[PDB]
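Presented below, as structure tokens, is a lone chain in the form deposited in one PDB entry.
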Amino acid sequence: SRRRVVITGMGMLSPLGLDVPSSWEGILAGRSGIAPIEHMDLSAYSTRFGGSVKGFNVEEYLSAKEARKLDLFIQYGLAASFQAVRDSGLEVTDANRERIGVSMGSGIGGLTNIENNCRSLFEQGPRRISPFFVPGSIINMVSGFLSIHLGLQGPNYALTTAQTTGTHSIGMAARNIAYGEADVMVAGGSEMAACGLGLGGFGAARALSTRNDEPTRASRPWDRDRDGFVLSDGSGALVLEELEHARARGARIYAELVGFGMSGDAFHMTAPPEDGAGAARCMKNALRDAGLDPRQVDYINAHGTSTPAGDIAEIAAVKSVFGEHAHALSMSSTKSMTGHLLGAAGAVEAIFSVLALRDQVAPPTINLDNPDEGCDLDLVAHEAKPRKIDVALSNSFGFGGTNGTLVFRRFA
């Protein structure tokens, strides 16, 4: 039957740093990775800032010759994938390669790449479209390229479920191992949507904070002055591993993955139900899946996108699932500092959640100066809060009424 699943490796690019420890240091210090965007000219855009990955050197991972053929999202996913695999100390052999797979996803994928070849197509013509446009841009090629580079011959796929992609990717990889389709999976996601179509598209839908004159205070989840999410780039990857396999080889285990929930809201293409009915169903499935009393949950890492409707939905979802225990746990949004990595949001927040467990600290919600109507839970405003965390939960919600929950606990 169902095997248990532990975290043996983590890798990350965020607007807070080029690895996990540097990113985490910023999280505990309540530092913002949000700044005006420099790689393009956004004077015609209603939003001109985001969470860029700053100082990324792809030639720490790939030959410039390969890197040139690949969209930044693919570069970011490989960067985090390679970190996580090295962090696991796992050796890939002919003996285990067929039992090691990969599920790295993206919400949008190679939008910069499609934008640039679109430029070439319209300004010059079809014959200037790169021969590398398809394999360098489509979402499954983080899983593809990682498998080619490392010899991973296990299950090879990618999810695209918008802002839920990282949680879905991690959770379903765990089910791969749980049910014995694999002993190891590299799982998470990557996003680089900070191009014309991305900032314009989200801008057109009026979803983005337009606080161009103070980018670091734009992402203010549950604050009454919130005006949309902040668009950020990066990657999260975890090495998920069957528990006995991890023990046999003496792997360092950060935490166990005990619970995964999915659920459609069936409510609206882009709007979350104000009652949190979808988040509620999802967390309930995931806590059942983990065989837990909801009162065991100590820390929740919220979706916490800093949109009006999304944030309030999540208070209502947590009050409804946890009843009075909603006032005992701590809930925070690391999106306060990183902004919204979209399909990678689930991945980086999975790792922040595992790190709350290791270090016994609730990350802060920075910029929560004036909590909104009903937002009366412990939201770890401003400053990290050292506390007892046995069980941590990470929530994601996306367009299509798509929901995911991951439940982690300490392994000893």
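Numbers follow the displayed sequence, beginning with 1.
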Averaging the C-alpha temperature factors as deposited, the higher value of 183-191 versus 209-217 falls on 209-217
Look over 287-295 and 266-274 in the entry and identify the one with the greater average Cα temperature factor.
266-274
So if I compare the CA B-factors in the entry for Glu256, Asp233, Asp223, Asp71, which one is the largest?
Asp223
Between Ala79, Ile114, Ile138, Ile170, where does the Cα B-factor run highest in the record?
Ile114
Of the three thirds of Cα B-factor ranks in this chain, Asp359 occupies the middle
Considering every modelled residue of the chain and its Cα B-factor in the PDB entry, is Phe229 in the lowest, middle or highest third?
lowest
Of the three thirds of its chain by CA temperature factor, lowest, middle or highest, which one includes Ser130?
middle
Third of the chain's Cα B-factor distribution that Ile389 belongs to, per the entry:
highest
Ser63 - Cα temperature factor, lowest/middle/highest third of chain
highest
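Keep in mind that the form deposited with a small molecule bound is not shown, yet the notes after this line are about it.
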Quick one: does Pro272 come within 4.5 Å of the small molecule in the entry with it bound, counting heavy atoms only?
yes
Does any heavy atom of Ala251 come within 4.5 Å of a heavy atom of the small molecule in the entry with it bound?
no
Though only this chain appears here, would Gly398 touch the small molecule in the entry with it bound if you measure heavy atom gaps against 4.5 Å?
yes
Given that the small molecule is not shown alongside this chain, does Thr307 nevertheless sit within 4.5 Å of it in the entry with it bound, heavy atom to heavy atom?
yes
Among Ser330, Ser143, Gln163, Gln75, just one has a heavy atom within 4.5 Å of the small molecule in the entry with it bound, namely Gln163
